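Structure data follow from target_29.cif (mmCIF, C-alpha atoms):
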data_data
loop_
_atom_site.group_PDB
_atom_site.id
_atom_site.type_symbol
_atom_site.label_atom_id
_atom_site.label_comp_id
_atom_site.auth_asym_id
_atom_site.auth_seq_id
_atom_site.Cartn_x
_atom_site.Cartn_y
_atom_site.Cartn_z
ATOM 1 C CA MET A 209 0.000 0.000 0.000
ATOM 2 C CA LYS A 210 0.947 3.708 -0.618
ATOM 3 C CA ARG A 211 -0.823 7.068 0.187
ATOM 4 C CA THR A 212 -2.168 7.676 -3.395
ATOM 5 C CA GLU A 213 -3.632 4.078 -3.422
ATOM 6 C CA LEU A 214 -5.546 5.035 -0.165
ATOM 7 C CA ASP A 215 -7.075 8.336 -1.485
ATOM 8 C CA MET A 216 -8.722 6.189 -4.256
ATOM 9 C CA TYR A 217 -10.211 3.454 -1.923
ATOM 10 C CA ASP A 218 -11.475 6.378 0.277
ATOM 11 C CA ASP A 219 -13.322 7.993 -2.736
ATOM 12 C CA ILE A 220 -14.801 4.580 -3.891
ATOM 13 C CA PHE A 221 -16.127 3.700 -0.367
ATOM 14 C CA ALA A 222 -17.204 7.404 -0.078
ATOM 15 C CA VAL A 223 -19.467 7.009 -3.212
ATOM 16 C CA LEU A 224 -20.961 3.608 -2.076
ATOM 17 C CA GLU A 225 -22.075 5.163 1.306
ATOM 18 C CA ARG A 226 -24.401 7.363 -0.877
ATOM 19 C CA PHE A 227 -26.444 4.165 -1.686
ATOM 20 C CA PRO A 228 -28.567 2.809 1.219
ATOM 21 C CA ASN A 229 -29.442 -0.625 -0.349
ATOM 22 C CA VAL A 230 -25.695 -1.326 -1.146
ATOM 23 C CA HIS A 231 -24.279 -3.647 1.601
ATOM 24 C CA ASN A 232 -20.907 -5.282 2.488
ATOM 25 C CA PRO A 233 -18.779 -3.978 -0.433
ATOM 26 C CA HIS A 234 -15.812 -6.461 -0.692
ATOM 27 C CA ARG A 235 -13.157 -7.734 -3.204
ATOM 28 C CA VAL A 236 -12.706 -4.012 -4.038
ATOM 29 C CA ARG A 237 -9.698 -3.980 -6.433
ATOM 30 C CA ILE A 238 -7.976 -1.176 -8.493
ATOM 31 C CA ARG A 239 -5.746 -1.617 -11.627
ATOM 32 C CA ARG A 240 -3.629 1.333 -13.001
ATOM 33 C CA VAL A 241 -3.167 1.614 -16.846
ATOM 34 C CA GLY A 242 -1.309 4.825 -17.886
ATOM 35 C CA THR A 243 -3.266 7.875 -16.532
ATOM 36 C CA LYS A 244 -6.590 5.985 -15.956
ATOM 37 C CA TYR A 245 -7.765 3.412 -13.273
ATOM 38 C CA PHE A 246 -10.076 0.306 -13.578
ATOM 39 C CA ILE A 247 -12.285 -0.556 -10.533
ATOM 40 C CA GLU A 248 -13.938 -3.923 -9.735
ATOM 41 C CA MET A 249 -16.011 -4.808 -6.612
ATOM 42 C CA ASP A 250 -18.645 -7.166 -5.124
ATOM 43 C CA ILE A 251 -21.722 -5.634 -3.387
ATOM 44 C CA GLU A 252 -24.540 -7.391 -1.457
ATOM 45 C CA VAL A 253 -28.265 -6.440 -1.820
ATOM 46 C CA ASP A 254 -31.490 -7.781 -0.270
ATOM 47 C CA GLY A 255 -31.980 -11.253 -1.884
ATOM 48 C CA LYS A 256 -35.598 -10.112 -2.651
ATOM 49 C CA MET A 257 -34.356 -7.204 -4.907
ATOM 50 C CA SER A 258 -35.278 -7.681 -8.622
ATOM 51 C CA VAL A 259 -32.519 -8.099 -11.321
ATOM 52 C CA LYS A 260 -33.982 -4.924 -12.994
ATOM 53 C CA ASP A 261 -33.462 -2.873 -9.758
ATOM 54 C CA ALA A 262 -30.010 -4.407 -8.939
ATOM 55 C CA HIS A 263 -28.838 -3.696 -12.550
ATOM 56 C CA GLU A 264 -30.141 -0.053 -12.353
ATOM 57 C CA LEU A 265 -28.237 0.237 -9.013
ATOM 58 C CA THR A 266 -24.878 -0.825 -10.632
ATOM 59 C CA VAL A 267 -25.510 1.615 -13.585
ATOM 60 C CA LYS A 268 -26.079 4.573 -11.128
ATOM 61 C CA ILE A 269 -23.025 3.486 -8.985
ATOM 62 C CA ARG A 270 -20.682 3.440 -12.073
ATOM 63 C CA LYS A 271 -22.154 6.844 -13.164
ATOM 64 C CA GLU A 272 -21.419 8.400 -9.687
ATOM 65 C CA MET A 273 -17.919 6.748 -9.583
ATOM 66 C CA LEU A 274 -17.009 8.273 -13.032
ATOM 67 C CA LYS A 275 -18.363 11.747 -11.934
ATOM 68 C CA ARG A 276 -16.293 11.692 -8.651
ATOM 69 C CA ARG A 277 -12.821 10.890 -10.153
ATOM 70 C CA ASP A 278 -11.885 11.968 -13.747
ATOM 71 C CA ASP A 279 -9.097 9.248 -13.670
ATOM 72 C CA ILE A 280 -11.484 6.190 -13.379
ATOM 73 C CA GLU A 281 -11.878 4.640 -16.906
ATOM 74 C CA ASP A 282 -14.460 1.903 -15.942
ATOM 75 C CA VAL A 283 -16.192 0.230 -12.911
ATOM 76 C CA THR A 284 -17.577 -3.370 -12.912
ATOM 77 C CA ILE A 285 -19.863 -4.381 -9.970
ATOM 78 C CA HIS A 286 -20.836 -8.015 -9.122
ATOM 79 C CA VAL A 287 -24.184 -8.306 -7.198
ATOM 80 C CA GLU A 288 -24.734 -11.007 -4.487
ATOM 81 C CA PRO A 289 -27.451 -11.797 -1.911
ATOM 82 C CA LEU A 290 -27.001 -10.573 1.722
ATOM 83 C CA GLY A 291 -24.746 -13.136 3.499
ATOM 84 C CA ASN A 292 -23.473 -14.855 0.283
ATOM 85 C CA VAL A 293 -20.825 -17.704 0.492
ATOM 86 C CA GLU A 294 -19.111 -16.564 -2.814
ATOM 87 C CA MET B 209 -11.335 -20.625 -34.764
ATOM 88 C CA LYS B 210 -10.312 -24.364 -34.770
ATOM 89 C CA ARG B 211 -12.318 -27.665 -34.379
ATOM 90 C CA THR B 212 -11.373 -28.266 -30.670
ATOM 91 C CA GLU B 213 -12.451 -24.628 -29.838
ATOM 92 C CA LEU B 214 -15.917 -25.500 -31.391
ATOM 93 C CA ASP B 215 -16.501 -28.768 -29.402
ATOM 94 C CA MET B 216 -16.191 -26.600 -26.208
ATOM 95 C CA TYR B 217 -18.672 -23.803 -27.283
ATOM 96 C CA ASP B 218 -21.055 -26.670 -28.328
ATOM 97 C CA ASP B 219 -20.877 -28.258 -24.787
ATOM 98 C CA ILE B 220 -21.323 -24.815 -23.021
ATOM 99 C CA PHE B 221 -24.409 -23.866 -25.148
ATOM 100 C CA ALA B 222 -25.562 -27.535 -24.730
ATOM 101 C CA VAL B 223 -25.597 -27.103 -20.869
ATOM 102 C CA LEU B 224 -27.374 -23.651 -20.969
ATOM 103 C CA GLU B 225 -30.276 -25.143 -23.080
ATOM 104 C CA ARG B 226 -30.983 -27.295 -19.935
ATOM 105 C CA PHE B 227 -32.095 -24.048 -18.127
ATOM 106 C CA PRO B 228 -35.464 -22.605 -19.293
ATOM 107 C CA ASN B 229 -35.178 -19.162 -17.538
ATOM 108 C CA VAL B 230 -31.637 -18.575 -19.049
ATOM 109 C CA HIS B 231 -31.995 -16.271 -22.132
ATOM 110 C CA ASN B 232 -29.703 -14.725 -24.813
ATOM 111 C CA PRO B 233 -26.319 -16.116 -23.637
ATOM 112 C CA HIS B 234 -23.674 -13.721 -25.155
ATOM 113 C CA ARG B 235 -20.022 -12.547 -24.641
ATOM 114 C CA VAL B 236 -19.280 -16.288 -24.186
ATOM 115 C CA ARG B 237 -15.444 -16.428 -23.958
ATOM 116 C CA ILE B 238 -12.932 -19.298 -23.239
ATOM 117 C CA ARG B 239 -9.293 -18.950 -21.964
ATOM 118 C CA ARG B 240 -6.856 -21.971 -22.032
ATOM 119 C CA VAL B 241 -4.274 -22.300 -19.152
ATOM 120 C CA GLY B 242 -2.248 -25.572 -19.342
ATOM 121 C CA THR B 243 -4.714 -28.553 -19.295
ATOM 122 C CA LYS B 244 -7.708 -26.563 -17.870
ATOM 123 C CA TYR B 245 -10.140 -23.934 -19.410
ATOM 124 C CA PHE B 246 -11.764 -20.765 -17.859
ATOM 125 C CA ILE B 247 -15.297 -19.813 -19.085
ATOM 126 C CA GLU B 248 -17.011 -16.393 -18.817
ATOM 127 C CA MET B 249 -20.477 -15.421 -20.185
ATOM 128 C CA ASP B 250 -23.418 -12.976 -19.907
ATOM 129 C CA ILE B 251 -26.977 -14.403 -19.543
ATOM 130 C CA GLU B 252 -30.340 -12.549 -19.515
ATOM 131 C CA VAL B 253 -33.203 -13.396 -17.065
ATOM 132 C CA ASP B 254 -36.693 -11.950 -16.489
ATOM 133 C CA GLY B 255 -36.064 -8.480 -14.918
ATOM 134 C CA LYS B 256 -38.613 -9.524 -12.198
ATOM 135 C CA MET B 257 -36.382 -12.487 -11.042
ATOM 136 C CA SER B 258 -34.984 -12.017 -7.478
ATOM 137 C CA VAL B 259 -31.164 -11.703 -6.863
ATOM 138 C CA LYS B 260 -31.487 -14.850 -4.624
ATOM 139 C CA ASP B 261 -32.983 -16.885 -7.551
ATOM 140 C CA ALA B 262 -30.590 -15.443 -10.221
ATOM 141 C CA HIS B 263 -27.573 -16.220 -7.936
ATOM 142 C CA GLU B 264 -28.856 -19.822 -7.315
ATOM 143 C CA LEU B 265 -29.231 -20.136 -11.139
ATOM 144 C CA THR B 266 -25.524 -19.186 -11.758
ATOM 145 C CA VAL B 267 -24.410 -21.633 -8.958
ATOM 146 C CA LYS B 268 -26.374 -24.551 -10.612
ATOM 147 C CA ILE B 269 -25.080 -23.533 -14.132
ATOM 148 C CA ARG B 270 -21.387 -23.582 -12.957
ATOM 149 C CA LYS B 271 -22.060 -26.952 -11.186
ATOM 150 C CA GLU B 272 -23.504 -28.497 -14.438
ATOM 151 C CA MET B 273 -20.656 -26.945 -16.553
ATOM 152 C CA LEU B 274 -17.972 -28.526 -14.243
ATOM 153 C CA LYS B 275 -19.809 -31.949 -14.330
ATOM 154 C CA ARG B 276 -20.005 -31.924 -18.206
ATOM 155 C CA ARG B 277 -16.281 -31.236 -18.984
ATOM 156 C CA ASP B 278 -13.478 -32.372 -16.574
ATOM 157 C CA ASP B 279 -11.166 -29.733 -18.266
ATOM 158 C CA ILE B 280 -13.197 -26.605 -17.158
ATOM 159 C CA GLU B 281 -11.445 -25.076 -14.061
ATOM 160 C CA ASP B 282 -14.031 -22.258 -13.388
ATOM 161 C CA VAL B 283 -17.144 -20.509 -14.885
ATOM 162 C CA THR B 284 -18.172 -16.871 -14.119
ATOM 163 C CA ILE B 285 -21.704 -15.768 -15.218
ATOM 164 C CA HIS B 286 -22.884 -12.101 -15.385
ATOM 165 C CA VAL B 287 -26.719 -11.696 -15.033
ATOM 166 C CA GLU B 288 -28.652 -8.957 -16.958
ATOM 167 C CA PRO B 289 -32.332 -8.066 -17.507
ATOM 168 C CA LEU B 290 -34.090 -9.269 -20.726
ATOM 169 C CA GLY B 291 -33.197 -6.755 -23.500
ATOM 170 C CA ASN B 292 -30.257 -5.103 -21.619
ATOM 171 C CA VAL B 293 -28.132 -2.329 -23.340
ATOM 172 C CA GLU B 294 -24.861 -3.547 -21.613
#

Structure re-expressed in structure tokens:
Amino acid sequence: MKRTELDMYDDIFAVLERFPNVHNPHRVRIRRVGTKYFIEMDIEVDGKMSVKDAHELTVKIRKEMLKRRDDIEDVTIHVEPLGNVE
Amino acid sequence: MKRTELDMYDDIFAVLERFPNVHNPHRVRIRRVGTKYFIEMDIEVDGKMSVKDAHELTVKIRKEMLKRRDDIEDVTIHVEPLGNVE
């Protein structure tokens, strides 16, 4: 770990806190490629949430991530039920 | 493309046909690493399907994939709503 690598995790977790139905963000990983960064993560949602709603959630999360940092190129979000065993 | 690369896509698509609520499998990709193969795909499900049910579906699909071919090491499945715009 280094200080710059921390600022980024702080901003990612900072954006997720905005979303009340996002739970237990984990496997949060960053890759650097030139100027721009690629972000991947798992989130948990109520098992009763529809695929429509969960998909809309990941679209809005990526949108907010890209608005926050001008150096994030893409964000991929895997959706799991609350209390998943991978 | 080569003949051996076809046999594999045939077996993957052959297993998905087993599942009636799996729709429009796409971005179906194979990576070779030594003896064993890594499979990634997108599927579409009814937007009204729960995250619990969709997750259970991907678990059963991976299980059936691994049972069919002894040379598949892992299978990751992305779930989208019917008629998704990536």

Any chance you could dump chain B, least-squares fitted to chain A on all C-alpha atoms in order, as a PDB file with C-alpha atoms, in the coordinates of the input?
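part_18.pdb written:
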ATOM      1  CA  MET B 209       0.000   0.000   0.000  1.00  0.00           C
ATOM      2  CA  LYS B 210       0.947   3.708  -0.618  1.00  0.00           C
ATOM      3  CA  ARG B 211      -0.823   7.069   0.187  1.00  0.00           C
ATOM      4  CA  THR B 212      -2.169   7.676  -3.395  1.00  0.00           C
ATOM      5  CA  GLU B 213      -3.633   4.078  -3.422  1.00  0.00           C
ATOM      6  CA  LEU B 214      -5.546   5.034  -0.165  1.00  0.00           C
ATOM      7  CA  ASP B 215      -7.075   8.336  -1.485  1.00  0.00           C
ATOM      8  CA  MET B 216      -8.722   6.189  -4.255  1.00  0.00           C
ATOM      9  CA  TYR B 217     -10.211   3.454  -1.923  1.00  0.00           C
ATOM     10  CA  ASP B 218     -11.475   6.379   0.277  1.00  0.00           C
ATOM     11  CA  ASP B 219     -13.322   7.993  -2.735  1.00  0.00           C
ATOM     12  CA  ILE B 220     -14.802   4.580  -3.891  1.00  0.00           C
ATOM     13  CA  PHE B 221     -16.126   3.700  -0.367  1.00  0.00           C
ATOM     14  CA  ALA B 222     -17.204   7.405  -0.079  1.00  0.00           C
ATOM     15  CA  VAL B 223     -19.468   7.009  -3.212  1.00  0.00           C
ATOM     16  CA  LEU B 224     -20.961   3.608  -2.076  1.00  0.00           C
ATOM     17  CA  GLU B 225     -22.075   5.163   1.307  1.00  0.00           C
ATOM     18  CA  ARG B 226     -24.401   7.363  -0.877  1.00  0.00           C
ATOM     19  CA  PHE B 227     -26.444   4.166  -1.686  1.00  0.00           C
ATOM     20  CA  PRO B 228     -28.567   2.809   1.220  1.00  0.00           C
ATOM     21  CA  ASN B 229     -29.442  -0.625  -0.349  1.00  0.00           C
ATOM     22  CA  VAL B 230     -25.695  -1.326  -1.146  1.00  0.00           C
ATOM     23  CA  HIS B 231     -24.279  -3.647   1.602  1.00  0.00           C
ATOM     24  CA  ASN B 232     -20.907  -5.282   2.489  1.00  0.00           C
ATOM     25  CA  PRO B 233     -18.779  -3.978  -0.433  1.00  0.00           C
ATOM     26  CA  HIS B 234     -15.812  -6.461  -0.693  1.00  0.00           C
ATOM     27  CA  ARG B 235     -13.157  -7.734  -3.204  1.00  0.00           C
ATOM     28  CA  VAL B 236     -12.705  -4.012  -4.037  1.00  0.00           C
ATOM     29  CA  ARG B 237      -9.697  -3.980  -6.433  1.00  0.00           C
ATOM     30  CA  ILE B 238      -7.976  -1.176  -8.493  1.00  0.00           C
ATOM     31  CA  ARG B 239      -5.746  -1.617 -11.627  1.00  0.00           C
ATOM     32  CA  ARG B 240      -3.629   1.333 -13.001  1.00  0.00           C
ATOM     33  CA  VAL B 241      -3.167   1.614 -16.845  1.00  0.00           C
ATOM     34  CA  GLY B 242      -1.309   4.825 -17.886  1.00  0.00           C
ATOM     35  CA  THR B 243      -3.266   7.875 -16.532  1.00  0.00           C
ATOM     36  CA  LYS B 244      -6.590   5.985 -15.956  1.00  0.00           C
ATOM     37  CA  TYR B 245      -7.766   3.412 -13.273  1.00  0.00           C
ATOM     38  CA  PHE B 246     -10.076   0.305 -13.578  1.00  0.00           C
ATOM     39  CA  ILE B 247     -12.285  -0.556 -10.533  1.00  0.00           C
ATOM     40  CA  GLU B 248     -13.938  -3.923  -9.735  1.00  0.00           C
ATOM     41  CA  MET B 249     -16.011  -4.808  -6.612  1.00  0.00           C
ATOM     42  CA  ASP B 250     -18.644  -7.166  -5.125  1.00  0.00           C
ATOM     43  CA  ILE B 251     -21.722  -5.634  -3.387  1.00  0.00           C
ATOM     44  CA  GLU B 252     -24.539  -7.391  -1.457  1.00  0.00           C
ATOM     45  CA  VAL B 253     -28.265  -6.440  -1.820  1.00  0.00           C
ATOM     46  CA  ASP B 254     -31.490  -7.781  -0.269  1.00  0.00           C
ATOM     47  CA  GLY B 255     -31.979 -11.253  -1.884  1.00  0.00           C
ATOM     48  CA  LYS B 256     -35.598 -10.112  -2.651  1.00  0.00           C
ATOM     49  CA  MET B 257     -34.356  -7.204  -4.907  1.00  0.00           C
ATOM     50  CA  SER B 258     -35.278  -7.681  -8.622  1.00  0.00           C
ATOM     51  CA  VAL B 259     -32.519  -8.099 -11.321  1.00  0.00           C
ATOM     52  CA  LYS B 260     -33.982  -4.923 -12.994  1.00  0.00           C
ATOM     53  CA  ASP B 261     -33.462  -2.873  -9.758  1.00  0.00           C
ATOM     54  CA  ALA B 262     -30.010  -4.407  -8.939  1.00  0.00           C
ATOM     55  CA  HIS B 263     -28.838  -3.696 -12.551  1.00  0.00           C
ATOM     56  CA  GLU B 264     -30.141  -0.053 -12.353  1.00  0.00           C
ATOM     57  CA  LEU B 265     -28.237   0.237  -9.013  1.00  0.00           C
ATOM     58  CA  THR B 266     -24.878  -0.824 -10.632  1.00  0.00           C
ATOM     59  CA  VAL B 267     -25.510   1.615 -13.585  1.00  0.00           C
ATOM     60  CA  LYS B 268     -26.079   4.573 -11.128  1.00  0.00           C
ATOM     61  CA  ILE B 269     -23.025   3.486  -8.986  1.00  0.00           C
ATOM     62  CA  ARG B 270     -20.682   3.440 -12.073  1.00  0.00           C
ATOM     63  CA  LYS B 271     -22.155   6.844 -13.164  1.00  0.00           C
ATOM     64  CA  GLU B 272     -21.419   8.400  -9.688  1.00  0.00           C
ATOM     65  CA  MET B 273     -17.918   6.749  -9.583  1.00  0.00           C
ATOM     66  CA  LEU B 274     -17.009   8.273 -13.031  1.00  0.00           C
ATOM     67  CA  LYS B 275     -18.363  11.746 -11.934  1.00  0.00           C
ATOM     68  CA  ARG B 276     -16.293  11.692  -8.652  1.00  0.00           C
ATOM     69  CA  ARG B 277     -12.821  10.891 -10.153  1.00  0.00           C
ATOM     70  CA  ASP B 278     -11.885  11.968 -13.747  1.00  0.00           C
ATOM     71  CA  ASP B 279      -9.097   9.248 -13.670  1.00  0.00           C
ATOM     72  CA  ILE B 280     -11.484   6.190 -13.379  1.00  0.00           C
ATOM     73  CA  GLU B 281     -11.879   4.640 -16.906  1.00  0.00           C
ATOM     74  CA  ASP B 282     -14.460   1.903 -15.942  1.00  0.00           C
ATOM     75  CA  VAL B 283     -16.192   0.230 -12.910  1.00  0.00           C
ATOM     76  CA  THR B 284     -17.577  -3.370 -12.912  1.00  0.00           C
ATOM     77  CA  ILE B 285     -19.863  -4.381  -9.971  1.00  0.00           C
ATOM     78  CA  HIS B 286     -20.836  -8.015  -9.122  1.00  0.00           C
ATOM     79  CA  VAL B 287     -24.184  -8.307  -7.198  1.00  0.00           C
ATOM     80  CA  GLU B 288     -24.734 -11.006  -4.487  1.00  0.00           C
ATOM     81  CA  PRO B 289     -27.451 -11.797  -1.912  1.00  0.00           C
ATOM     82  CA  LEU B 290     -27.001 -10.573   1.721  1.00  0.00           C
ATOM     83  CA  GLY B 291     -24.746 -13.137   3.498  1.00  0.00           C
ATOM     84  CA  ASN B 292     -23.473 -14.855   0.283  1.00  0.00           C
ATOM     85  CA  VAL B 293     -20.825 -17.704   0.492  1.00  0.00           C
ATOM     86  CA  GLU B 294     -19.111 -16.565  -2.814  1.00  0.00           C
TER      87      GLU B 294
END

What are the closest atom pairs, with distances in Å to one decimal, for all residues of chain B lying within 8 Å of chain A? Consider all atoms listed in the file, order rows by chain and residue number, and present the result as a Markdown table.
| residue | atom | partner | partner_atom | distance |
| --- | --- | --- | --- | --- |
| B:253 | CA | A:259 | CA | 7.8 |
| B:254 | CA | A:259 | CA | 7.7 |
| B:255 | CA | A:260 | CA | 4.5 |
| B:256 | CA | A:258 | CA | 5.2 |
| B:257 | CA | A:258 | CA | 5.5 |
| B:258 | CA | A:258 | CA | 4.5 |
| B:259 | CA | A:255 | CA | 5.1 |
| B:260 | CA | A:255 | CA | 4.5 |
| B:262 | CA | A:259 | CA | 7.7 |
| B:263 | CA | A:288 | CA | 6.9 |
| B:286 | CA | A:286 | CA | 7.8 |
| B:287 | CA | A:259 | CA | 7.8 |
| B:288 | CA | A:263 | CA | 6.9 |
| B:289 | CA | A:260 | CA | 5.7 |

Using all atoms of segment 226-229 of chain A listed in the file and a margin of 5 Å per side, can you give the axis-aligned box centre and edge lengths in Å to one decimal, as AutoDock Vina command-line options?
--center_x -26.9 --center_y 3.4 --center_z -0.2 --size_x 15.0 --size_y 18.0 --size_z 12.9

What's around segment 220-234 of chain B at 7 Å? Count only C-alpha atoms, leave out sequence neighbours fewer than 5 positions away in its own chain, and write the answer as a ChimeraX atom specification.
/B:249-253,272-273

Would you write out those residues with C-alpha atoms, as a PDB file, in the coordinates of the input?
ATOM      1  CA  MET B 249     -20.477 -15.421 -20.185  1.00  0.00           C
ATOM      2  CA  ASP B 250     -23.418 -12.976 -19.907  1.00  0.00           C
ATOM      3  CA  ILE B 251     -26.977 -14.403 -19.543  1.00  0.00           C
ATOM      4  CA  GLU B 252     -30.340 -12.549 -19.515  1.00  0.00           C
ATOM      5  CA  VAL B 253     -33.203 -13.396 -17.065  1.00  0.00           C
ATOM      6  CA  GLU B 272     -23.504 -28.497 -14.438  1.00  0.00           C
ATOM      7  CA  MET B 273     -20.656 -26.945 -16.553  1.00  0.00           C
TER       8      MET B 273
END

Gap from atom CA of residue 211 of chain A to atom CA of residue 246 of chain A - Å, one decimal
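These atoms are spaced 17.9 Å apart.
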
Please indicate the distance in Å from atom CA of residue 236 of chain A to atom CA of residue 269 of chain B, rounded to one decimal place.
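Those two atoms sit 25.2 Å apart.
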
Model the absent atoms of segment 230-242 of chain B so that N, CA and C atoms are present, and write the result as a PDB file, keeping the file's coordinate frame.
ATOM      1  N   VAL B 230     -32.870 -19.179 -18.453  1.00  0.00           N
ATOM      2  CA  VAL B 230     -31.637 -18.575 -19.049  1.00  0.00           C
ATOM      3  C   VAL B 230     -31.968 -18.123 -20.473  1.00  0.00           C
ATOM      4  N   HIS B 231     -31.686 -16.864 -20.806  1.00  0.00           N
ATOM      5  CA  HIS B 231     -31.995 -16.271 -22.132  1.00  0.00           C
ATOM      6  C   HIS B 231     -30.758 -15.572 -22.702  1.00  0.00           C
ATOM      7  N   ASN B 232     -30.662 -15.547 -24.034  1.00  0.00           N
ATOM      8  CA  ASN B 232     -29.703 -14.725 -24.813  1.00  0.00           C
ATOM      9  C   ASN B 232     -28.307 -14.804 -24.202  1.00  0.00           C
ATOM     10  N   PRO B 233     -27.724 -16.011 -24.028  1.00  0.00           N
ATOM     11  CA  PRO B 233     -26.319 -16.116 -23.637  1.00  0.00           C
ATOM     12  C   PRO B 233     -25.461 -15.416 -24.701  1.00  0.00           C
ATOM     13  N   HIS B 234     -24.554 -14.536 -24.270  1.00  0.00           N
ATOM     14  CA  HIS B 234     -23.674 -13.721 -25.155  1.00  0.00           C
ATOM     15  C   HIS B 234     -22.379 -13.372 -24.418  1.00  0.00           C
ATOM     16  N   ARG B 235     -21.401 -12.816 -25.139  1.00  0.00           N
ATOM     17  CA  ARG B 235     -20.022 -12.547 -24.641  1.00  0.00           C
ATOM     18  C   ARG B 235     -19.480 -13.829 -24.005  1.00  0.00           C
ATOM     19  N   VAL B 236     -19.758 -14.959 -24.644  1.00  0.00           N
ATOM     20  CA  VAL B 236     -19.280 -16.288 -24.186  1.00  0.00           C
ATOM     21  C   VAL B 236     -17.840 -16.445 -24.666  1.00  0.00           C
ATOM     22  N   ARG B 237     -16.905 -16.499 -23.718  1.00  0.00           N
ATOM     23  CA  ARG B 237     -15.444 -16.428 -23.958  1.00  0.00           C
ATOM     24  C   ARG B 237     -14.778 -17.581 -23.200  1.00  0.00           C
ATOM     25  N   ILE B 238     -13.740 -18.175 -23.798  1.00  0.00           N
ATOM     26  CA  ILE B 238     -12.932 -19.298 -23.239  1.00  0.00           C
ATOM     27  C   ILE B 238     -11.464 -18.862 -23.205  1.00  0.00           C
ATOM     28  N   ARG B 239     -10.770 -19.091 -22.085  1.00  0.00           N
ATOM     29  CA  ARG B 239      -9.293 -18.950 -21.964  1.00  0.00           C
ATOM     30  C   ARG B 239      -8.693 -20.316 -21.611  1.00  0.00           C
ATOM     31  N   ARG B 240      -7.655 -20.748 -22.336  1.00  0.00           N
ATOM     32  CA  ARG B 240      -6.856 -21.971 -22.032  1.00  0.00           C
ATOM     33  C   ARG B 240      -5.705 -21.591 -21.096  1.00  0.00           C
ATOM     34  N   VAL B 241      -5.439 -22.422 -20.083  1.00  0.00           N
ATOM     35  CA  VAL B 241      -4.274 -22.300 -19.152  1.00  0.00           C
ATOM     36  C   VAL B 241      -3.809 -23.716 -18.790  1.00  0.00           C
ATOM     37  N   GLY B 242      -2.735 -24.184 -19.435  1.00  0.00           N
ATOM     38  CA  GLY B 242      -2.248 -25.572 -19.342  1.00  0.00           C
ATOM     39  C   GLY B 242      -3.287 -26.558 -19.854  1.00  0.00           C
TER      40      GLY B 242
END
